[PDB]
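As a starting point, one isolated chain is supplied in structure tokens, in the form deposited in one PDB entry.
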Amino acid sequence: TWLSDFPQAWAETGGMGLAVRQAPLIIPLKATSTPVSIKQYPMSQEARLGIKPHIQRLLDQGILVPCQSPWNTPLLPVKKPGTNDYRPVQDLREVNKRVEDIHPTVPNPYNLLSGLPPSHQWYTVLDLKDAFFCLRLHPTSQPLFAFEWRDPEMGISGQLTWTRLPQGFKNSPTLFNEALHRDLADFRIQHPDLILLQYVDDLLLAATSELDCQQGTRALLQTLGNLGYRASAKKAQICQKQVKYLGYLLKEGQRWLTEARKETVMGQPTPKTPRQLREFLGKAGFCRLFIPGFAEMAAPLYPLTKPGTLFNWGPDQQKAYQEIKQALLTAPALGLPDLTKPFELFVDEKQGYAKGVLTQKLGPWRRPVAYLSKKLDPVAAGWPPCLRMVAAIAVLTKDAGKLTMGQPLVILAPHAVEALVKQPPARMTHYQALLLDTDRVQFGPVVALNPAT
């Protein structure tokens, strides 16, 4: 029923999008710059047929118009991680080095989910189709982007410039972010209760009750409809407790992990080459926030990653592999950090590997927020156990800052090394400033912690 009410907001009915608020944008160039013409790189016959339907439909919408320009870049298809859609990418390698640089303002995935509060339990994830094509491109900068496409059936051979922001351009993610943010900035004011999360094109709406989400979704759809942006209706979770956003499951206000992601990590067999072991590490590392003490757990496999070495899968390496496989089977539910309340961090350090958990208050219990683990630098590796904990806290406290958004937090450790920093038995002065800043960090009552935590 959502599609019928807002024909101007859904991509399946609203047609092509066009930002009716942002003005045409001129793509600037460096002072010492000259046009460069590069012939279209060879492309396989299977990859050529992938883009061909897109060119036919892109021509009808007016995005691609024939032109004669001295700039020319080789087109290149990039297939989606799924199926063989073969999305079109301009491959502006030379233009990127020639175009000017602007300060990026895109949000990093670590900090988006930190803004989501556990109070807002109802979600509505909307993803905008053909996001980068919404913004219009000034005809002055249109000759900058071009490519050679000759099809005898079409009957037109030559360059086809883009009237909108192309894909594969280095400034496209930044330019689309700012443009969308200004349009939705007016929406945020009108609805103080709603929490809007923006990731390039993906939008997430957080509300308190079911009725609040329903009212907010209609307002968001109406707002985006006038602005010209079109949201895909095939994949749009609306008024559902279970939503998928940023690759993370969101249920009961907890940052779960998708069951499919866990299957991929365990599904791979025992690695036999450094390339095979490298592939497995990254999957585990993306889940590192759920596995407690992941740095020490995957410690044996790290020295095998080196390009210059012999791949000897010894019993110790197999023990490290089994630990990661079993840990991901029973990965806990990381909670959404609440910025209003203060944070709590447990720190522990055994055998030169720092481990810990960032937790927050949940009733009478503590709920984990993110599991932090790191490898101590070799300079601190040789330190005595009393001094090693001081270095471990400093390393972990740096990691906690990237998730706590600078909010004050409490560092809890078994030992009482918090007084040791004041009177230790260059770097130490740097450590003193980080750990003694009462505004951002403090030490609570000294107490031990469970090994699992």
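Superpose the two forms; the largest set of C-alphas matching within 1.5 Å is the rigid core. Residue indices: 1-based, along the sequence shown.
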In at least a third of the other entries we lined up, does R427 end up with no coordinates?
yes
Deposited residues lacking coordinates between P425 and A426 (none, 1 to 3, 4 to 9, 10 or more):
4 to 9
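The same protein also has a form deposited in another entry, omitted here; what follows describes it.
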Core-superposed comparison between the shown form and the other one, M43 Cα displacement 2 Å or beyond
yes
Inspect the rigid-core superposition and answer whether the C-alpha of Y86 shifts by 2 angstroms or more between the shown form and the other one.
yes
